[PDB]
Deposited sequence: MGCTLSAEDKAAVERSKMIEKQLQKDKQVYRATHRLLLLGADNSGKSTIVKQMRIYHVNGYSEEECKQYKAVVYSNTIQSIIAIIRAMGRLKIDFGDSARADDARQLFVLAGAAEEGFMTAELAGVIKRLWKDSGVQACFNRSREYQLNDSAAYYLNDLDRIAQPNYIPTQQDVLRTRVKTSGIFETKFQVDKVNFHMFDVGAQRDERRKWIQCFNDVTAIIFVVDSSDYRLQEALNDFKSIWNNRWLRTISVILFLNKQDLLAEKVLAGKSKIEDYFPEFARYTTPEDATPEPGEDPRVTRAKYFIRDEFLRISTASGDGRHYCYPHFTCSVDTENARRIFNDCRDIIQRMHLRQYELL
């Protein structure tokens, strides 16, 4: 019934819809990740390690594709934007997780707490889970073993804080290092547990500056996020 031009237009529309089906498959099979973190955080070394192990100076977004088993991950590092993030961050409403990298060794990390609180409580980023990489664990160990700077100077709660029995320290690390680590973790968890209400979850991980396990960590807790999403939509969780 269509005119030949309407017929050719529908045929072009169908070829475009077939390409869009194929791209729906590629897109929906990819886990998009937003990598956040202050300049002191080793988020650059994290992208570098994953760029090596797996798969224009104004450029405001850096993508590293990486792959774990068959799951493709696109991880986005927001480089050449301004410090004001409240508008561009809204783009990432859809990402599977935000990887929030903290320099655990620099007690500037109250700024990292404030950034985490903002990311966690934002109306467009609630329902997005945060993979919290407490990075620079080696520098934190050195920092607290040297004893020249003390966390209670920056967080008065640390004088009272006692290491939880949930802690699974490394066999060789000092209990002071453990207590510092888990205090920092539990401050971020305090923020996550204040307001997530089960819509999104925080996944703390203790990472060294270069630590090949990190891509597995992101794979595991992306699998956990996707499982939790499925259980939520089945009303089971």
- Query: What portions of the deposited sequence, indexed from 1, have no corresponding C-alpha atom in the structure?
  - Reply: 1-3, 59-178
